[PDB]
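Since the structure comes first, as structure tokens, the remarks are kept for the end.
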Amino acid sequence: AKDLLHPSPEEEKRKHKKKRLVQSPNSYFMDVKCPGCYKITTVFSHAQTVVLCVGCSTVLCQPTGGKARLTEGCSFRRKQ
Amino acid sequence: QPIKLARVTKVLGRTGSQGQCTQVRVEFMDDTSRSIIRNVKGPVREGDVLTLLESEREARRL
Amino acid sequence: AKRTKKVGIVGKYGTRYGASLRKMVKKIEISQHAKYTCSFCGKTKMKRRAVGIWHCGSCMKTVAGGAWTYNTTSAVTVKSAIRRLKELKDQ
Amino acid sequence: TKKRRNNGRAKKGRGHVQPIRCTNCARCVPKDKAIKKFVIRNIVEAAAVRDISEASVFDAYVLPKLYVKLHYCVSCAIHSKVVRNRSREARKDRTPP
Amino acid sequence: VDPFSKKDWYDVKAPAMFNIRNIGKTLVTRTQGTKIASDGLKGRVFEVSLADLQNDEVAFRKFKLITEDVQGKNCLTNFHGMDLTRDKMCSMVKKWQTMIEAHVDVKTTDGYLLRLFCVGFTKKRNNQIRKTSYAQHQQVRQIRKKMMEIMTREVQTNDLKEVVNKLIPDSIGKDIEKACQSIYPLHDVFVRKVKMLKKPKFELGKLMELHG
Amino acid sequence: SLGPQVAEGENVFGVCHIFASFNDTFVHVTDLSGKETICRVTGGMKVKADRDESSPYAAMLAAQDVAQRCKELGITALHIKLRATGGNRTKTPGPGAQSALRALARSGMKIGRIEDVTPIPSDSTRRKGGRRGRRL
Amino acid sequence: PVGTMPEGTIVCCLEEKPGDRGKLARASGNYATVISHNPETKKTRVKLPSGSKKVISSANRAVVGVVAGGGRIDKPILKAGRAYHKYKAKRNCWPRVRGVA
Amino acid sequence: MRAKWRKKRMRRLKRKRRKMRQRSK
RNA sequence: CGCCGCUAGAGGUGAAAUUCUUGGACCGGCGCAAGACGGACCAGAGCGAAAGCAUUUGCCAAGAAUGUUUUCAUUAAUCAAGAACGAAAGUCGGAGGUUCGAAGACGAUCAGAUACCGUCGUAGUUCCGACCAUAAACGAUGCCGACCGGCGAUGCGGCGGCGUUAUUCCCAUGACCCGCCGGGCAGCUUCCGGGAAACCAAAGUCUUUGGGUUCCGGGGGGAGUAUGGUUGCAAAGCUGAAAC
RNA sequence: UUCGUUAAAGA
Ligand SMILES: [Mg+2]
Ligand SMILES: [Mg+2]
Ligand SMILES: [Mg+2]
Ligand SMILES: [Mg+2]
Ligand SMILES: [Mg+2]
Ligand SMILES: [Mg+2]
Ligand SMILES: [Mg+2]
Ligand SMILES: [Mg+2]
Ligand SMILES: [Mg+2]
Ligand SMILES: [Mg+2]
Ligand SMILES: [Mg+2]
Ligand SMILES: [Mg+2]
Ligand SMILES: [Mg+2]
Ligand SMILES: [Mg+2]
Ligand SMILES: [Mg+2]
Ligand SMILES: [Mg+2]
Ligand SMILES: [Mg+2]
Ligand SMILES: [Mg+2]
Ligand SMILES: [Zn+2]
Ligand SMILES: [Zn+2]
């Protein structure tokens, strides 16, 4: 007799992405503050391609299976 | 071609198709305390001085 | 229409000189009567001259090829070995 | 019926195992089926160790070994006292001490 | 007949700075007729282990010698190769490890060219539960390239003196162990075999330079 | 004859190859080079019977004969190289060498280090037996 | 010349003695294998199409490659007519009558 | 008698009867 | 096979012999040529649709899985006919031939062997081209989808953990430890249930009998046989009775 | 190391 209607949020986080009820995505959108002059660039979390800044022409996110690894540790926020 | 003598220290067990020989790890009197295992048929106790015609062999146990 | 089903080009001979011999001559007759793609002009005008000699129709560049094909597999192996011994440590 | 679940060997994911020759009878058996042990023997019998140590040039500065991949088959190992028969409840066991 | 009463004895002189030069004594038939006494002695070889050349080092890592010439009842030898013993090579081959191999040809400073090998066994770490200890095989290919690359720039510009002075304390194995820990902690990397396959010239002057 | 060395105290070395097989046992004394054979006595040279030439008794008699010839020719120490029929046959040595080492260590012949230089193939070449191999 | 090429160089139309303008390995689809050079006593082994390993000089020349026209004996002559034209082209080597007959 | 060698001897008998048919069509 | 040294035996067996040997076999040291083979590392491990696949490096395309707030929008599952691969053996050409070795010739043991044992050795076993399409081709277990206990591990990704060890140093990858997720080869217990039982997390959700679909069994022999048809150079393969 | 075979029922 498990409470399937009102489960635990820790259980819903530990379950698989599509196997659970709401099928919420594990991805997010992060705001990388580029150290060039001022720019704050929105970027997808599981970035599949390179990200070039339009101001300083530097690589923001490296292409990596899983989620994109970063450069020197610029800050980012979780906006949902 | 030496012929040496040896007194029995311990008795391991009996061996043979008839169960007649006795595997005896005897000792060496004329030298230091070294170890060879000899097949002796007939009755034997601990302390029986044995006539060895060849001190080069070594019998195995099972 | 497909008029012959097994003899192919060898039907010009007929009933003579054995099924196995005709089958073994069939492949090399197709090889000597098929036009080959020229590696120089890019066309398919390799016309068969006498044995050992191949001749492309356009640009008249005569090449010394195999006896029945344009390139022998042994000849390709020899050419690969010659270029390997060429670029192997500069002689 | 099937006597075992493993069907003798350990081929479960693949479909072919290259055979390796036996030692006694020299029969090609797949290596997941043949009795493949690793014997570690001192090259000198334990009663001759003292003799070679007394008659050695060095004062106990060498101790050689002998490592042999012993490779029997199940037809000769039962005859040669390795893989003796067991019970139905005893076939679910591991390596002996 | 008694040919051993007629046979002569030449003692063997090792090349310089192992620690010593005495090796042993060999039999010579005699000098008689066409067969000179220095005929087979130019072609004789030796396969001698350690603990009598390097003053109580490890007993394995044997050495292959070849007698270059003879000089006054003293047959002088020279380096020909380096092997390891069969028991040590067959030991440290565990059923639950990975054995990474390498081999490369290289030319020395002078006209000597040699084919040198390399063996490396993977290591179980301390406080490890997983008994497998394998790799993803891309690290294995990378470390084969790495151990093929390191020996090239050691034995590129180094002749027999420096390569013997490196193969006595196993400085190549310690250098591979130092440059190895970033990829995987591999256990007891050795060279296990090296042989001479190209010899340019006799060069008794270079042999005297090898002496000192 | 005095031999190679005068005023003894330094060991004169020789390589002793022991080729142990299931049907015969070889003991062989060479110098450190590997060419000049000093002494060579097999099992059949000491035992008349063909079935008993693989015996440890045959190995001990051949070893005593070899050790006597080596004491007469004047060598002291032996580096022992043990080998067997290791090409495609059993890589383990026969029963003769286990007592032949004792017979060398008994009558002189100071033993140096012993190595198992056995001819081991790379990758298990074709075996003499066949598909189902030796039977009975 | 064979002293320039490395070992294993597949060549054809080589020379026995240096200066006879090509003698060995001249038929269609045949070659030789150059091996075993020598610094002193300038000689070179060549594997011939017959399988013989002939030691020759190191100054004689050889065209690199195989002779074109390889596989000429792959086709059966398949009738007496093509054999008649072949031997009429070559030479009168064809009164081939059985010696028992 | 094994089923293997029974099938092989019936195969040989089939070959013999086929050669009999080819001999006397 | 070429050299060097010693010497009377060296193979092979339960035992001997067939074989080689004072013309130097066997044995040890050096080198040369040939072809096959990739051990130990190699595991109830991995990949491939199966058959199968294990020395190093480079090139060529292909793919499972995973990470995918990416794209199209039912494109899907199984399959009569048909088609592509398909171990070994065998067949037809070209190259070569080290070991083993169908047949074969001998040497042995037995009443008898032409067999198991030993010596030699042909086709073959090796490579590149064509054919045959069979096996205990086995998980003796069709494919796709869903559900129904647990435990400890393993292979591959992904994620989380001021833990440890690795460069020069905060900044990224490497190796070890704990947990989760997806699909994969598996292991142990169980009264989940099945079945004649062996046993099985599938061989369960089956008289409380129905998710979709394909091929096959109707007592045992005759018999996968004859006659047909069809494919193959051939051996043979596919389909396939009846009388009794 | 060699050592083959003993009809049919009838409890
Ligand atoms: Mg049964
Ligand atoms: Mg299979
Ligand atoms: Mg004729
Ligand atoms: Mg005629
Ligand atoms: Mg007439
Ligand atoms: Mg003779
Ligand atoms: Mg030899
Ligand atoms: Mg095949
Ligand atoms: Mg022909
Ligand atoms: Mg053929
Ligand atoms: Mg036979
Ligand atoms: Mg044979
Ligand atoms: Mg035939
Ligand atoms: Mg079938
Ligand atoms: Mg199916
Ligand atoms: Mg992981
Ligand atoms: Mg990473
Ligand atoms: Mg009878
Ligand atoms: Zn053209
Ligand atoms: Zn066996």
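Convention: chains lettered A, B, ... in structure tokens order; per-chain residue numbering from 1; ligands numbered from 1 as shown.
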Please provide the set of residues having any atom within 10 Å of residue 15 (chain A), restricted to only C-alpha atoms (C1' of nucleotides), with same-chain residues fewer than 5 positions apart removed, written as a PDB file with N, CA, C and O atoms (P, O5', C5', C4', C3', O3' and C1' of nucleotides), in the first residue's frame.
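So around20.pdb came out as:
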```
ATOM      1  N   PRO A   9       8.798  13.825  -2.577  1.00  0.00           N
ATOM      2  CA  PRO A   9       9.604  14.543  -3.578  1.00  0.00           C
ATOM      3  C   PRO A   9      11.001  13.977  -3.739  1.00  0.00           C
ATOM      4  O   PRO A   9      11.546  14.022  -4.848  1.00  0.00           O
ATOM      5  N   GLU A  10      11.587  13.424  -2.673  1.00  0.00           N
ATOM      6  CA  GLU A  10      12.878  12.756  -2.799  1.00  0.00           C
ATOM      7  C   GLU A  10      12.759  11.489  -3.636  1.00  0.00           C
ATOM      8  O   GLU A  10      13.652  11.180  -4.433  1.00  0.00           O
ATOM      9  N   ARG A  20       8.450   8.454 -13.999  1.00  0.00           N
ATOM     10  CA  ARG A  20       7.645   9.063 -12.950  1.00  0.00           C
ATOM     11  C   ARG A  20       6.397   9.715 -13.547  1.00  0.00           C
ATOM     12  O   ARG A  20       6.097   9.580 -14.735  1.00  0.00           O
ATOM     13  N   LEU A  21       5.656  10.445 -12.711  1.00  0.00           N
ATOM     14  CA  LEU A  21       4.309  10.883 -13.068  1.00  0.00           C
ATOM     15  C   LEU A  21       4.326  12.104 -13.982  1.00  0.00           C
ATOM     16  O   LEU A  21       3.811  12.061 -15.104  1.00  0.00           O
TER      17      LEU A  21
ATOM     18  P     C I 180      20.890   2.083  -4.826  1.00  0.00           P
ATOM     19  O5'   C I 180      20.276   3.146  -5.838  1.00  0.00           O
ATOM     20  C5'   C I 180      19.217   4.004  -5.439  1.00  0.00           C
ATOM     21  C4'   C I 180      18.967   5.077  -6.465  1.00  0.00           C
ATOM     22  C3'   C I 180      18.723   4.586  -7.880  1.00  0.00           C
ATOM     23  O3'   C I 180      17.389   4.154  -8.078  1.00  0.00           O
ATOM     24  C1'   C I 180      20.249   6.400  -7.913  1.00  0.00           C
ATOM     25  P     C I 181      17.073   2.935  -9.074  1.00  0.00           P
ATOM     26  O5'   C I 181      17.108   3.605 -10.517  1.00  0.00           O
ATOM     27  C5'   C I 181      16.258   4.698 -10.828  1.00  0.00           C
ATOM     28  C4'   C I 181      16.695   5.394 -12.091  1.00  0.00           C
ATOM     29  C3'   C I 181      16.869   4.507 -13.308  1.00  0.00           C
ATOM     30  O3'   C I 181      15.641   4.187 -13.935  1.00  0.00           O
ATOM     31  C1'   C I 181      18.710   5.986 -13.131  1.00  0.00           C
TER      32        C I 181
END
```
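Neighbours of ligand 4 at a cut-off of 10 Å, computed so that only C-alpha atoms (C1' of nucleotides) and all ligand atoms are counted, are the residues residues 95, 96, 97, 98, 99, 100 and 101 of chain G.
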Which polymer residues have any atom within 12 Å of an atom of region 71-84 of chain C, counting only C-alpha atoms (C1' of nucleotides), with same-chain residues fewer than 2 positions away left out, as a PyMOL selection string?
-> (chain C and resi 31-32+36-39+52-54+63-69+86-91) or (chain G and resi 5-12+29-33+63-72) or (chain I and resi 94-95+128-129)
Backbone DSSP call of alpha helix (DSSP H) for chain A, listed as a ChimeraX atom specification = /A:9-14
Neighbouring residues of residue 140 (chain I) were defined as those with any atom within 12 Å, considering only C-alpha atoms (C1' of nucleotides); residues of the same chain fewer than 4 positions away were excluded. Please report them as a PDB file with N, CA and C atoms (P, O5', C5', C4', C3', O3' and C1' of nucleotides), in the first residue's frame.
```pdb
ATOM      1  N   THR D   1      16.578 -35.091 -18.534  1.00  0.00           N
ATOM      2  CA  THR D   1      16.447 -33.666 -18.257  1.00  0.00           C
ATOM      3  C   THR D   1      17.810 -32.998 -18.165  1.00  0.00           C
ATOM      4  N   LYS D   2      17.808 -31.675 -18.019  1.00  0.00           N
ATOM      5  CA  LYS D   2      19.050 -30.934 -17.855  1.00  0.00           C
ATOM      6  C   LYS D   2      19.619 -31.186 -16.467  1.00  0.00           C
ATOM      7  N   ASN D   7      24.997 -25.801 -18.037  1.00  0.00           N
ATOM      8  CA  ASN D   7      25.234 -26.742 -19.140  1.00  0.00           C
ATOM      9  C   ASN D   7      26.717 -27.081 -19.282  1.00  0.00           C
TER      10      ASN D   7
ATOM     11  P     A I 136      20.578 -29.405 -35.237  1.00  0.00           P
ATOM     12  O5'   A I 136      21.138 -29.101 -33.781  1.00  0.00           O
ATOM     13  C5'   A I 136      21.579 -30.160 -32.940  1.00  0.00           C
ATOM     14  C4'   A I 136      22.410 -29.647 -31.793  1.00  0.00           C
ATOM     15  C3'   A I 136      23.904 -29.512 -32.067  1.00  0.00           C
ATOM     16  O3'   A I 136      24.415 -28.415 -31.313  1.00  0.00           O
ATOM     17  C1'   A I 136      23.563 -31.009 -30.280  1.00  0.00           C
TER      18        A I 136
END
```
How would you write, as an MDAnalysis selection string, the set of residues no farther than 12 Å from ligand 6 when counting only C-alpha atoms (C1' of nucleotides) and all ligand atoms?
-> chainID I and resid 19:25
Just-selected residues, N, CA, C and O atoms (P, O5', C5', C4', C3', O3' and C1' of nucleotides) written as a PDB file, in the first residue's frame:
```
ATOM      1  P     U I  19      62.557 -49.342 -39.445  1.00  0.00           P
ATOM      2  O5'   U I  19      62.375 -47.843 -38.938  1.00  0.00           O
ATOM      3  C5'   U I  19      61.632 -46.899 -39.695  1.00  0.00           C
ATOM      4  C4'   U I  19      61.905 -45.493 -39.230  1.00  0.00           C
ATOM      5  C3'   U I  19      63.371 -45.119 -39.100  1.00  0.00           C
ATOM      6  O3'   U I  19      63.952 -44.751 -40.338  1.00  0.00           O
ATOM      7  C1'   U I  19      62.197 -44.417 -37.167  1.00  0.00           C
ATOM      8  P     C I  20      65.511 -45.021 -40.614  1.00  0.00           P
ATOM      9  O5'   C I  20      66.255 -43.885 -39.782  1.00  0.00           O
ATOM     10  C5'   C I  20      66.092 -42.509 -40.099  1.00  0.00           C
ATOM     11  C4'   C I  20      66.776 -41.638 -39.078  1.00  0.00           C
ATOM     12  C3'   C I  20      68.250 -41.937 -38.856  1.00  0.00           C
ATOM     13  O3'   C I  20      69.077 -41.293 -39.807  1.00  0.00           O
ATOM     14  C1'   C I  20      67.144 -41.779 -36.765  1.00  0.00           C
ATOM     15  P     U I  21      70.529 -41.883 -40.142  1.00  0.00           P
ATOM     16  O5'   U I  21      71.429 -41.388 -38.927  1.00  0.00           O
ATOM     17  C5'   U I  21      72.644 -42.047 -38.615  1.00  0.00           C
ATOM     18  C4'   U I  21      72.949 -41.986 -37.142  1.00  0.00           C
ATOM     19  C3'   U I  21      74.055 -42.913 -36.674  1.00  0.00           C
ATOM     20  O3'   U I  21      75.349 -42.406 -36.933  1.00  0.00           O
ATOM     21  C1'   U I  21      72.209 -43.112 -35.219  1.00  0.00           C
ATOM     22  P     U I  22      76.288 -43.132 -38.011  1.00  0.00           P
ATOM     23  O5'   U I  22      77.715 -42.477 -37.770  1.00  0.00           O
ATOM     24  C5'   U I  22      78.282 -42.436 -36.466  1.00  0.00           C
ATOM     25  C4'   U I  22      79.785 -42.369 -36.523  1.00  0.00           C
ATOM     26  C3'   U I  22      80.465 -43.603 -37.113  1.00  0.00           C
ATOM     27  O3'   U I  22      81.623 -43.206 -37.845  1.00  0.00           O
ATOM     28  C1'   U I  22      81.213 -43.266 -34.894  1.00  0.00           C
ATOM     29  P     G I  23      81.749 -43.581 -39.401  1.00  0.00           P
ATOM     30  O5'   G I  23      80.891 -42.462 -40.140  1.00  0.00           O
ATOM     31  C5'   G I  23      81.313 -41.104 -40.138  1.00  0.00           C
ATOM     32  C4'   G I  23      80.441 -40.238 -41.014  1.00  0.00           C
ATOM     33  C3'   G I  23      79.112 -39.806 -40.397  1.00  0.00           C
ATOM     34  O3'   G I  23      78.782 -38.498 -40.863  1.00  0.00           O
ATOM     35  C1'   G I  23      78.701 -41.009 -42.381  1.00  0.00           C
ATOM     36  P     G I  24      77.947 -37.494 -39.930  1.00  0.00           P
ATOM     37  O5'   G I  24      77.686 -38.333 -38.602  1.00  0.00           O
ATOM     38  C5'   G I  24      76.360 -38.625 -38.169  1.00  0.00           C
ATOM     39  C4'   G I  24      76.148 -38.273 -36.717  1.00  0.00           C
ATOM     40  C3'   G I  24      76.192 -36.783 -36.388  1.00  0.00           C
ATOM     41  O3'   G I  24      75.235 -36.482 -35.375  1.00  0.00           O
ATOM     42  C1'   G I  24      77.866 -37.924 -35.152  1.00  0.00           C
ATOM     43  P     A I  25      74.326 -35.165 -35.506  1.00  0.00           P
ATOM     44  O5'   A I  25      72.849 -35.679 -35.210  1.00  0.00           O
ATOM     45  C5'   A I  25      72.028 -36.194 -36.248  1.00  0.00           C
ATOM     46  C4'   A I  25      71.014 -37.162 -35.699  1.00  0.00           C
ATOM     47  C3'   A I  25      70.334 -36.721 -34.411  1.00  0.00           C
ATOM     48  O3'   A I  25      69.208 -35.894 -34.650  1.00  0.00           O
ATOM     49  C1'   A I  25      71.155 -38.922 -34.154  1.00  0.00           C
TER      50        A I  25
END
```
Near-ligand residues for ligand 12, threshold 8 Å, only C-alpha atoms (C1' of nucleotides) and all ligand atoms, as a PyMOL selection string = (chain F and resi 128) or (chain I and resi 100-101+119-121)
Next, dump the selected residues to file, keeping only N, CA, C and O atoms (P, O5', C5', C4', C3', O3' and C1' of nucleotides), as a PDB file, in the first residue's frame.
```pdb
ATOM      1  N   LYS F 128      49.709 -32.715 -31.054  1.00  0.00           N
ATOM      2  CA  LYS F 128      49.874 -33.999 -31.723  1.00  0.00           C
ATOM      3  C   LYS F 128      48.640 -34.894 -31.606  1.00  0.00           C
ATOM      4  O   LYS F 128      48.452 -35.779 -32.449  1.00  0.00           O
TER       5      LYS F 128
ATOM      6  P     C I 100      53.567 -33.207 -36.301  1.00  0.00           P
ATOM      7  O5'   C I 100      51.975 -33.221 -36.330  1.00  0.00           O
ATOM      8  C5'   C I 100      51.218 -33.074 -35.138  1.00  0.00           C
ATOM      9  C4'   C I 100      49.764 -32.818 -35.439  1.00  0.00           C
ATOM     10  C3'   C I 100      49.034 -33.923 -36.187  1.00  0.00           C
ATOM     11  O3'   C I 100      48.596 -34.979 -35.348  1.00  0.00           O
ATOM     12  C1'   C I 100      48.560 -31.843 -37.203  1.00  0.00           C
ATOM     13  P     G I 101      48.644 -36.498 -35.870  1.00  0.00           P
ATOM     14  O5'   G I 101      47.686 -36.514 -37.142  1.00  0.00           O
ATOM     15  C5'   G I 101      46.272 -36.492 -37.006  1.00  0.00           C
ATOM     16  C4'   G I 101      45.599 -36.207 -38.326  1.00  0.00           C
ATOM     17  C3'   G I 101      45.771 -37.270 -39.401  1.00  0.00           C
ATOM     18  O3'   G I 101      44.836 -38.326 -39.255  1.00  0.00           O
ATOM     19  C1'   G I 101      46.286 -35.154 -40.308  1.00  0.00           C
ATOM     20  P     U I 119      54.718 -41.145 -32.617  1.00  0.00           P
ATOM     21  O5'   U I 119      55.448 -41.951 -33.778  1.00  0.00           O
ATOM     22  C5'   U I 119      56.842 -42.213 -33.730  1.00  0.00           C
ATOM     23  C4'   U I 119      57.333 -42.713 -35.062  1.00  0.00           C
ATOM     24  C3'   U I 119      56.963 -41.848 -36.255  1.00  0.00           C
ATOM     25  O3'   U I 119      57.839 -40.752 -36.443  1.00  0.00           O
ATOM     26  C1'   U I 119      56.441 -44.103 -36.729  1.00  0.00           C
ATOM     27  P     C I 120      57.279 -39.372 -37.044  1.00  0.00           P
ATOM     28  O5'   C I 120      57.010 -39.698 -38.581  1.00  0.00           O
ATOM     29  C5'   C I 120      58.090 -39.972 -39.460  1.00  0.00           C
ATOM     30  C4'   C I 120      57.623 -40.562 -40.769  1.00  0.00           C
ATOM     31  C3'   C I 120      56.693 -39.704 -41.607  1.00  0.00           C
ATOM     32  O3'   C I 120      57.377 -38.694 -42.329  1.00  0.00           O
ATOM     33  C1'   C I 120      55.920 -41.946 -41.580  1.00  0.00           C
ATOM     34  P     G I 121      56.685 -37.266 -42.582  1.00  0.00           P
ATOM     35  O5'   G I 121      55.470 -37.585 -43.564  1.00  0.00           O
ATOM     36  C5'   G I 121      55.695 -37.958 -44.916  1.00  0.00           C
ATOM     37  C4'   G I 121      54.442 -38.511 -45.548  1.00  0.00           C
ATOM     38  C3'   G I 121      53.269 -37.549 -45.643  1.00  0.00           C
ATOM     39  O3'   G I 121      53.358 -36.706 -46.778  1.00  0.00           O
ATOM     40  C1'   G I 121      52.529 -39.599 -44.733  1.00  0.00           C
TER      41        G I 121
END
```
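Neighbouring residues of ligand 15 at a cut-off of 10 Å, counting only C-alpha atoms (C1' of nucleotides) and all ligand atoms, are residues 142, 143, 214 and 215 of chain I.
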Please produce a file of those selected residues containing C-alpha atoms (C1' of nucleotides), as a PDB file, in the first residue's frame.
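Result went into out34.pdb, see below:
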```
ATOM      1  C1'   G I 142       9.699 -17.455 -31.807  1.00  0.00           C
ATOM      2  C1'   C I 143       9.346 -11.691 -32.113  1.00  0.00           C
ATOM      3  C1'   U I 214       4.497 -16.149 -37.918  1.00  0.00           C
ATOM      4  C1'   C I 215       6.096 -21.484 -38.407  1.00  0.00           C
TER       5        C I 215
END
```
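Neighbouring residues of ligand 17 at a cut-off of 10 Å, counting only C-alpha atoms (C1' of nucleotides) and all ligand atoms, are residues 64, 65 and 69 of chain A; 172, 173 and 174 of chain I.
Going from CA of residue 111 (chain E) over to CA of residue 62 (chain E), you cover 23.8 Å.
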All residues having an atom within 9 Å of ligand 8 (only C-alpha atoms (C1' of nucleotides) and all ligand atoms) as a PyMOL selection string | chain I and resi 87-90
For the residues selected in the previous step, produce a file with C-alpha atoms (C1' of nucleotides) as a PDB file, in the first residue's frame.
```
ATOM      1  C1'   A I  87      30.973 -22.784 -38.052  1.00  0.00           C
ATOM      2  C1'   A I  88      33.269 -27.186 -39.601  1.00  0.00           C
ATOM      3  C1'   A I  89      33.675 -30.586 -43.599  1.00  0.00           C
ATOM      4  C1'   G I  90      33.409 -30.865 -49.001  1.00  0.00           C
TER       5        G I  90
END
```
Find the residues in chain B near chain D: any atom within 12 Å counts, using only C-alpha atoms. Write them as a PDB file with C-alpha atoms, in the first residue's frame.
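This went into iface26.pdb:
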```pdb
ATOM      1  CA  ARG B  25      60.957 -40.733   8.047  1.00  0.00           C
ATOM      2  CA  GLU B  27      66.709 -39.657  10.766  1.00  0.00           C
ATOM      3  CA  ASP B  31      75.213 -36.408  10.052  1.00  0.00           C
ATOM      4  CA  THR B  32      73.026 -33.591  11.381  1.00  0.00           C
ATOM      5  CA  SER B  33      69.246 -33.843  11.823  1.00  0.00           C
ATOM      6  CA  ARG B  34      68.165 -34.249   8.203  1.00  0.00           C
ATOM      7  CA  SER B  35      65.091 -35.935   6.784  1.00  0.00           C
ATOM      8  CA  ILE B  36      64.489 -38.708   4.265  1.00  0.00           C
ATOM      9  CA  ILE B  37      61.424 -40.959   4.065  1.00  0.00           C
ATOM     10  CA  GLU B  56      69.912 -41.105  -1.818  1.00  0.00           C
ATOM     11  CA  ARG B  57      66.212 -42.018  -2.070  1.00  0.00           C
ATOM     12  CA  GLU B  58      63.057 -40.295  -0.839  1.00  0.00           C
ATOM     13  CA  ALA B  59      59.644 -41.942  -0.682  1.00  0.00           C
ATOM     14  CA  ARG B  60      56.450 -39.910  -0.967  1.00  0.00           C
TER      15      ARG B  60
END
```
Please, which residues of region 1-96 of chain G, numbered as in this document, come out strand (DSSP E) from DSSP, as a PyMOL selection string?
-> chain G and resi 9-12+32-37+43-47+53-57+63-64
